[PDB]
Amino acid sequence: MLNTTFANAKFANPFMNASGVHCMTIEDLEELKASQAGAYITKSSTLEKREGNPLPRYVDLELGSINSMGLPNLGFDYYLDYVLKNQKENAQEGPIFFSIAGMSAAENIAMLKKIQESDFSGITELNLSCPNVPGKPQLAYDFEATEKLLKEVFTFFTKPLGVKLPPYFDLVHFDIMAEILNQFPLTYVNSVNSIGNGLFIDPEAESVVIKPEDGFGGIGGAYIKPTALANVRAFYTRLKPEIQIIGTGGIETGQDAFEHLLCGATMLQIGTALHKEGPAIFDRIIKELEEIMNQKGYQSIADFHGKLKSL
């Protein structure tokens, strides 16, 4: 019932882990491969291995989560070597996704060049929430910087490429970004990354709950579904059909998944809920979505994909 076609590949279902959750090590990845997830993505990597920020840097919240991991990862070469070896085993239907988040534009270009030159036949995801010039907003909030980077990337990168974007909150911003993205042969857009720089407080202790950035961190979970759905829908109605969408943000139940698909998302990623529940979540949410579809008499995602009704 959930069979999905994305980036010209076939997947058993649309579910995937969100980058950063349960995908740090080869062991994490193997557990994802073993789960019911239709596909999985690696932790955003940088050129060098990164320890990340001081703990505590992640906290479960009643309505979601807050984090400031600091891009901890085992380095580009570690992930590239892993995906290259699994690619050869052909023991998995559907390509693996490879996320990169260079500490700089030069680092992103360098990693993209290595992926291009390698035999990697999978899908690449460029995290545009990656660092940028000192007195500059995250890359994706700097429209000029974003367009400049993408133009250089597409002068040489011919393999499947998608971009992970932060949430937008103004319709003109969606228009500007859509216009920038539509000029490129992008495989997809993934909305959204966590809601940036939120703050959570322990009232009793009268203090923040994470050590880095004075307690400020990305927000995920139920807090952000309204924003995540909006971004998925806003891009669905603005992007050229060539560019598909991956919906990410506040997905925990089959109903949440149903809502993202209704908005136009083709693949779905689970972050916070997966972090709390573990790989077993995929089997649960898959069954939940199928039950919803059964009650409505739907046999394929195509029966409702992108059919969100306006009043």
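From 1 onward, residues are counted along the sequence shown.
The stretch with the higher mean CA B factor, choosing between 47-55 and 33-41, is 47-55. 236-244 and 89-97 differ in mean CA B-factor, and the higher of the two is recorded for 89-97.
Looking at 191, 104, 227, 194, the one whose CA carries the top B-factor in the deposited record is 104. Comparing the C-alpha B-factors of 127, 121, 183, 124 in the entry, the top value falls on 183. Sorting the modelled residues of the chain by their CA temperature factor places residue 21 in the lowest third. Residue-level temperature factors show residue 200 in the lowest third of its chain, judged at the C-alpha atom. Among the modelled residues of the chain, residue 298 sits in the highest third by CA temperature factor in this PDB entry. Residue-level temperature factors show residue 222 in the lowest third of its chain, judged at the C-alpha atom.
In this PDB entry, residue 140 carries a Cα temperature factor that places it within the highest third of its chain's modelled residues.
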